[PDB]
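Here the structure is laid out as structure tokens; the discussion comes afterwards.
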Amino acid sequence: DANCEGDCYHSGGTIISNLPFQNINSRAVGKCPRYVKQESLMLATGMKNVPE
Amino acid sequence: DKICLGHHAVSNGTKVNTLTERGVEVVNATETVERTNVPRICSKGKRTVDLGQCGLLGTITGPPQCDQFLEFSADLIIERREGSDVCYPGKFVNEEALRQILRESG
Amino acid sequence: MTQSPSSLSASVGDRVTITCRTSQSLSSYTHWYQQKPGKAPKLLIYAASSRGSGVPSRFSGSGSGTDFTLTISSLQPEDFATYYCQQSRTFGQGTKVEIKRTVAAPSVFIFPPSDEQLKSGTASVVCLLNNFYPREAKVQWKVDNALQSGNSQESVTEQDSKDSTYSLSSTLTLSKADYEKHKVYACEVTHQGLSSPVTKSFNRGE
Amino acid sequence: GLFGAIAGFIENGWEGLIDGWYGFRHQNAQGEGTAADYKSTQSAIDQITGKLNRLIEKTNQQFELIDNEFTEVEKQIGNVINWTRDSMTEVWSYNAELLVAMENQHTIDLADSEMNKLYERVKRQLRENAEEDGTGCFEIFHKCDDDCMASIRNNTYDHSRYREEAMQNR
Amino acid sequence: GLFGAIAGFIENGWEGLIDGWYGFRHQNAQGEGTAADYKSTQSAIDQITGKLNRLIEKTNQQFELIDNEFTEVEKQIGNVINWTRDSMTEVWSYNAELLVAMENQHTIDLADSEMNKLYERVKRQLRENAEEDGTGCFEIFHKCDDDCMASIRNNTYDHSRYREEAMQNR
Amino acid sequence: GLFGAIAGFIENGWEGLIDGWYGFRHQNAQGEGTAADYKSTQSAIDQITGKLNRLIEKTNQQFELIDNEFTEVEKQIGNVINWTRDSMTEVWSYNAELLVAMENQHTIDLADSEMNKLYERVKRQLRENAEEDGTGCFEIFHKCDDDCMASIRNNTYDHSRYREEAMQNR
Amino acid sequence: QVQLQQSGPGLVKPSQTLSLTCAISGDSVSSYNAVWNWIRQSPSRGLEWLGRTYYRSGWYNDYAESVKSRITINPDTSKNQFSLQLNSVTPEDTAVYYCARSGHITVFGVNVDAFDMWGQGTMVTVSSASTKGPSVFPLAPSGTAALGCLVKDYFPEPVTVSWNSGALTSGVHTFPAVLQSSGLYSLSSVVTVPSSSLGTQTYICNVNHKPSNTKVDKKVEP
Ligand SMILES: *[C@@H]1O[C@H](CO)[C@@H](O[C@@H]2O[C@H](CO)[C@@H](O[C@@H]3O[C@H](CO)[C@@H](O)[C@H](O[C@H]4O[C@H](CO)[C@@H](O)[C@H](O)[C@@H]4O)[C@@H]3O)[C@H](O)[C@H]2NC(C)=O)[C@H](O)[C@H]1NC(C)=O
Ligand SMILES: *[C@@H]1O[C@H](CO)[C@@H](O[C@@H]2O[C@H](CO)[C@@H](O)[C@H](O)[C@H]2NC(C)=O)[C@H](O)[C@H]1NC(C)=O
Ligand SMILES: *[C@@H]1O[C@H](CO)[C@@H](O[C@@H]2O[C@H](CO)[C@@H](O)[C@H](O)[C@H]2NC(C)=O)[C@H](O)[C@H]1NC(C)=O
Ligand SMILES: *[C@@H]1O[C@H](CO)[C@@H](O[C@@H]2O[C@H](CO)[C@@H](O)[C@H](O)[C@H]2NC(C)=O)[C@H](O)[C@H]1NC(C)=O
Ligand SMILES: *[C@@H]1O[C@H](CO)[C@@H](O)[C@H](O)[C@H]1NC(C)=O
Ligand SMILES: *[C@@H]1O[C@H](CO)[C@@H](O)[C@H](O)[C@H]1NC(C)=O
Ligand SMILES: *[C@@H]1O[C@H](CO)[C@@H](O)[C@H](O)[C@H]1NC(C)=O
């Protein structure tokens, strides 16, 4: 596909992302996020939620 | 007469983990692990060669399926499972070393 | 919120920078809007450095303490607009961006009053100056070769979003009796695009 | 929170406070009103934004294929490759987990800190003119109109102006 | 501790306090008595327990043998294996050291935080009825019997009940 | 700073304070004077020194050459070596960045903590004899000569000695 | 594709009540991720926020100090709209009124009052002057030809003009209105066309003055 641009490739396609990690393919090549086992690692961007 | 300090909260927060607790609900959270794949080779801005039926090592010897790849130029080279290096049967000694060289060749 | 400059002209392709000076500095809370004539403001930059949805890459924002800047890297004819910054609920006074483009002389047309309007007891004569640049122009009315004064109004369009020209209308208003008392109606136009003034005219009842 | 303000002595958050992270809610003859504090809100926002700038970035190192998905490499070298890759997967999964846990702890404590700082800043402002309630409220002894409340928020409040009336009211 | 309560203004710990982490020690006409505070104690316990739940766990990744202890592999590949393993040993030893150091710093500061939070909670309770000693003690001006001391611990204490007597005692 | 003293309610640092990290600056009938506090200064120094003792050290692991700069090894094994080395370079570069960022956050917050601790220690000392200014200053109501100021710094200050004069001055 | 559609009279008598409505489509008036605002604009005062309403497990309203004593903004969850009500109007309330969504766009969940979508605007005039209809006269063409329509003596603004029911847009210029000494407005709309098309193509200007409920078509011929 010459309509999208990406630098991380694997057999199933292209990982387009600015995230530090990925859980798509441990054998991805090019310039990639580092593969991790976990499906999700949520980073807090706000305070503790204390609802009424 | 009195004045009171506070902070905002939301009915539907987002759960995260800390060093000290699992599933702490916070106002905001942003995912750090990418799960979304694009099911295409995104090749904008790169000279791309999709070898298809031609095996990478066939570009050097030239079985009929590689006739259009005998002098290719590329930033990105794509091998496919159906690619074959040969017509008359056989194989290269040190085949993967040679593949690694040709993959980086341009 | 205080903007500088209040207005500016620039040629197509120019780098344009507009500034907002704020009472108090908060990057997150300062946003920019573009408003074209007769339309609502559209949000271009939000949080100071973030581009609005649908906003082309030539627009960018920067912030530093209490000073915030909007930049158009290469100006385009369609960017003719008034720009307002905003912090919390207060909007800067706005910066009018006008385009400087090559000189173009007006095409001039004169329209006599309709036979219908005349029956109402008034006559209106309109001189059209079409698609010219820059805005400065003089329009003078002559009735049987006598210079008119104080019986005409002008209206001018905003810059055209495609060719960056202006158009102008001048309307001379007379009573039917005054209109019928004279023969030659002439509109004389001075614009720096013309080698000398152009005059369009008609003769009454012709 | 480490400081004990958010989810601490401040009982709970305000869903109505949509314009800010931290804010003021007052009670006086003129009624009730709520207003966000942007200086504290911006400090928290700037710091979270800083973390994201750090974490969302380039690992410029580019890695080539060293094995083959279609025609498998020799089994000895293949096993070494897989062992090494799986070891790296283990390291990075551990690193990512610990990074996010550490950052989240700090992010929560950071927000709690900013809330505390705002509270203490106000307490110092109206020294001897009011007393700590314990719910994050300051009971003010003198009459404090909306202009007086807005002076507290603004940080211009002058305690000496109302000290005789407030002190004598104890 | 970061807050400066434990090993700070509180001179030292109580060996007699065997039932809790944090507690109260009083002096009044009726004598002396010591009691642990479970809410603060439980908060600290729950948080340490959380760390242990995180650190004592499965690395599900299973690793096979890639060399041989009885019949040594080729020397080139063997050296690559050993270099890679020793590199991993170096990474993990570093990771473990830093993890434990970081967690220990936080654990100590966390305990110090909970102590401070309890102190400040009490200070707010008896506002204008007592004064900070500086040893982690509150000198109470009015007469405070065991039921009055137990009301402070319980958190039901009503300062307005004893404010006229206590305030006038200054 | 997390506590909000350094680059917080304390407006700015003193370039003249060359002998210490933290110190006192007074105003009284006798004039003005500045003096460093070594106990707080030493605590901060000892803690930073501890970090450096940890970070400046031996990795006893010794690594041999596994490739060759003059006569290149086989290309397959060479690529495995390079991939593994580059993976390690990536891990260590990440580790170093995060270590320094984490330690720097803590170092800044630590210094801010020590400043706060010193301020609160003084506040407790002269309870009901002075009031918090809000700039990190204590307005003292009674007359306090250089021997009186030096008693505050020294930590011997006796508030009961000057309490009648100071309290009555409100 | 959120769309804010504005309605309400553009003429209010002094001392009486201005009433406007914004009807939302593509989003919910009671959405957690929206704030519904009114803002006005005048050549004098510039852009001025007036107030808002929003739902966060209960309805909230905030208003600008300048209009707080006169203003009400209420949601209607049956018609997915919200209104503006301004009591005791004076000539200083003459302005274009816009509805606008904010707080859809946020920095870490904090409404930063970014107004991401706006209504089309309602021009409101405070006057005791009765509305008047606009007379429409042809500006007749006498290889490019210009023709037009003179739209004369109406009150208040605005008038809209199209050509051939909107089928002709290229080369059209509709001039801003001028206030005449009579206190009534006037404008012209003009178009340039190939002079050859005069003998075959019909040219009709369509004039709409909503305040007087006037819709008039005028054929313009040589
Ligand atoms: C924590 O803060 C973050 C911001 O850091 C915040 O995330 C934001 O979420 C919204 C979605 O709710 C994102 O907005 C999108 O923007 C894209 C263009 O960039 C639009 O195309 C999207 O439109 C969709 O929805 C529209 C109707 O609402 C449709 O018309 C359209 O067809 C699309 O379906 C959408 O507006 C925004 O990009 C993020 N911000 C960032 C920086 O990514 C998050 O919500 C906060 N968390 C919580 C729980 O509030
Ligand atoms: C190295 O690991 C890969 C997978 O990461 C192994 O290859 C897979 O083997 C499974 C079943 O054993 C097959 O169904 C897949 O097609 C293979 N996946 C890929 C991506 O190739 C490989 O066997 C391992 N190497 C060795 C020497 O055992
Ligand atoms: C790889 O490392 C192992 C040890 O971890 C080396 O094997 C040991 O060698 C010592 C003396 O050199 C022997 O006494 C031990 O019996 C060995 N231990 C084991 C566990 O095998 C081995 O020599 C190293 N590989 C290479 C190629 O040098
Ligand atoms: C492994 O990496 C080394 C460099 O780290 C590669 O060797 C270099 O190659 C460049 C150009 O490709 C030469 O100019 C240098 O002289 C080499 N440097 C050193 C230190 O040897 C080597 O090619 C890589 N291995 C493989 C198999 O490609
Ligand atoms: C702070 O707010 C008040 C409102 O009571 C205002 O009068 C005052 O001018 C503000 N302070 C400054 C420095 O503008
Ligand atoms: C707290 O303890 C006291 C003992 O003095 C007891 O009488 C009181 O009922 C307790 N509070 C509650 C809410 O039970
Ligand atoms: C503390 O300093 C004062 C100076 O005013 C001195 O007289 C006093 O002896 C010192 N305290 C001690 C315990 O030495």
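If you read the sequences in order, they're chains B, U, Y, F, W, D and P.
Everything in the first sequence is counted per the deposited numbering, starting at 265 for the first residue and increasing by one.
Everything in the second sequence is counted per the deposited numbering, starting at 1 for the first residue and increasing by one.
Everything in the third sequence is counted per the deposited numbering, starting at 4 for the first residue and increasing by one.
Everything in the fourth sequence is counted per the deposited numbering, starting at 1 for the first residue and increasing by one.
Everything in the fifth sequence is counted per the deposited numbering, starting at 1 for the first residue and increasing by one.
Everything in the sixth sequence is counted per the deposited numbering, starting at 1 for the first residue and increasing by one.
Under the deposited numbering, the letters of the seventh sequence match residues 1 to 142, 149 to 228, in that order.
Virtual Cβ for every residue (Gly too), placed ideally from N, Cα, C.
What residue range does the alpha helix (DSSP H) around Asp86/D cover?
From DSSP, the alpha helix (DSSP H) with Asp86/D extends over 75-125.
Taking 7 Å as the limit between beta carbons, can you name the residues of its chain near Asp112/F, skipping five residues before and five after?
Correct list, in chain order: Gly1, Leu2, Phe3, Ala5, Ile6.
Residues in the region 6-38 of chain P having any Cβ partner in chain Y nearer than 8 Å
So nothing in the stretch comes that close.
Inter-residue spacing [alpha-carbon to alpha-carbon] between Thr36/U and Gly270/B
The straight-line gap separating the alpha-carbon atoms of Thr36/U and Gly270/B is approximately 13 Å.
Specify whether the region 28-41 of chain F and the region 66-81 of chain D touch according to this definition: at least 3 beta carbon pairs, one from each stretch, less than 8 Å apart.
Output reads no: the region 66-81 of chain D does not touch the region 28-41 of chain F.
Can you tell me whether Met117/P is helix, strand or coil according to DSSP?
The DSSP-derived three-state label of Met117/P is strand.
List, in chain order, every chain U residue whose beta-carbon is nearer than 9 Å to that of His106/W.
Under the 9 Å cutoff, chain U gives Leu19, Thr20.
Once you ignore the five residues that flank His26/W on each side, which residues in its own chain have a CB closer than 7 Å to its CB?
Excluding sequence positions up to five before and after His26/W, its CB lies within less than 7 Å of the CB of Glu32, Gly33, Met149, all in the same chain and listed in chain order.
Could you tell me the boundaries of the alpha helix (DSSP H) in which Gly50/W lies?
Element bounds for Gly50/W: 38-55.
Of all Cβ atoms in chain W, is any one closer than 8 Å to the Cβ of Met88/D?
Answer yes: the Cβ-Cβ gap between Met88/D and chain W drops below 8 Å somewhere.
How would you list, in chain order, the residues of chain B whose beta-carbon sits under 9 Å from the beta-carbon of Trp92/F?
What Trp92/F touches in chain B: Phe285, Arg298, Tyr299, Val300, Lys301.
Quick one: which chain D residues come within Cβ less than 7 Å of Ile77/U?
The contacting residues do not exist; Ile77/U stays about 16 Å from chain D at best.
Considering only their Cβ atoms, is the gap separating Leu126/F from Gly6/U smaller than 8 Å?
No, these two residues do not count as a Cβ contact at 8 Å.
Ligand 1 and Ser56/Y: does any heavy atom of the ligand fall closer than 7 Å to the residue's C-beta?
Relative to ligand 1, the beta carbon of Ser56/Y is positioned inside 7 Å of a heavy atom.
Which of the three DSSP states, helix, strand or coil, is assigned to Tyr60/P?
Three-state result, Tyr60/P: strand.
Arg85/D CB to nearest heavy atom of ligand 2 below 7 Å
Checking every heavy atom of ligand 2 against the Cβ of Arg85/D, none is found closer than 7 Å.
At a CB-CB cut-off below 8 Å, which residues of chain P make contact with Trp21/F?
Within chain P, the residues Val110 have their CB atoms less than 8 Å from the CB of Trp21/F, given in chain order.
Spatial neighbours of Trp21/D in its chain, beta-carbon cut-off 6 Å, leaving aside the 5 residues before and after
Result list for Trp21/D: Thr41, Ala44, in chain order.
Taking 8 Å as the CB-CB limit, is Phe63/F close to chain D?
Interface annotation, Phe63/F: in contact with chain D, CB-CB separation under 8 Å.
Residue 128/U, buried or exposed, once every other Cβ within 10 Å from all chains shown has been counted against 16
As shown, chain U starts at 1 and ends at 106. That puts residue 128/U outside it, with no answer to give.
Between which two residues does the beta strand (DSSP E) carrying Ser160/D extend?
Boundaries for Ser160/D: no beta strand (DSSP E) harbours it, while the alpha helix (DSSP H) harbouring it runs 159-167, taken from the DSSP string.
For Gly13/W, decide whether its Cβ has a neighbour in chain U, counting only Cβ atoms nearer than 8 Å.
Closer than 8 Å: no.
Below 8 Å, how does it come out for the region 47-58 of chain W and the region 45-52 of chain F: are there three or more Cβ pairs, yes or no?
Too few Cβ pairs lie closer than 8 Å, so no.
What residue does the alpha helix (DSSP H) around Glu96/U start on, and which one ends it?
Per DSSP, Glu96/U is one residue of the alpha helix (DSSP H) stretching across 95-103.
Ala101/F to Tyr32/Y span [Cα, whole Å]:
Each residue's alpha carbon lies about 30 Å from the other.
Is the Cβ of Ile18/F closer than 8 Å to any Cβ of chain B?
Taking Cβ atoms only, chain B never reaches closer than 8 Å to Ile18/F, which makes this a no.
Nearest chain D C-beta to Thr34/W closer than 8 Å, yes or no?
Residue contact with chain D for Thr34/W: absent (no Cβ-Cβ distance below 8 Å to any residue of chain D).
Excluding sequence positions up to five away, which residues of its chain have a Cβ less than 7 Å from the Cβ of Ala107/Y?
The answer, listed in chain order, is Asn134, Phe135, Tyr136, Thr168, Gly196.
Please specify which runs of the beta strand (DSSP E), each continuous and at least 3 residues long, are wholly inside the region 155-197 of chain P, giving them in chain order.
The region 155-197 of chain P contains these whole beta strand (DSSP E) runs: 166-169, 178-180.
On the DSSP bridge assignment, give the partners of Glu139/W in chain order.
In the DSSP secondary-structure assignment, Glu139/W is bridged to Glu131/W.
Which complete beta strand (DSSP E) runs does the region 131-198 of chain Y hold, if anything under 3 residues is left out?
Qualifying beta strand (DSSP E) stretches, in chain order: 141-146, 155-159, 169-178, 187-193.
Looking at chain B, is there any beta carbon in it that lies within less than 8 Å of the beta carbon of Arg40/U?
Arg40/U belongs to the set of residues whose beta carbon lies under 8 Å from a beta carbon in chain B.
Mark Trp14/D as exposed unless 16 or more other C-beta atoms lie within 10 angstroms of its C-beta, in which case mark it buried.
Answer is exposed; the Cβ neighbour count stays below 16.
Would you please state the rounded distance, in angstroms, between the beta carbons of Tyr97/P and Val136/P? I believe it to be under 8 Å.
Not confirmed; about 28 Å, so no contact.
State the CB to CB distance for the pair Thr180/P and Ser195/P, rounded to an integer number of angstroms; the pair is presumed to be in contact (CB under 8 Å).
About 4 Å separates the Cβ atoms of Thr180/P and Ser195/P, confirming a contact at the 8 Å cut-off.
Residues in the region 50-82 of chain P with C-beta within 8 Å of chain F's C-beta atoms, listed in sequence order?
From the region 50-82 of chain P, only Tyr54, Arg56, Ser57, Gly58, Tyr60 have a Cβ closer than 8 Å to chain F.
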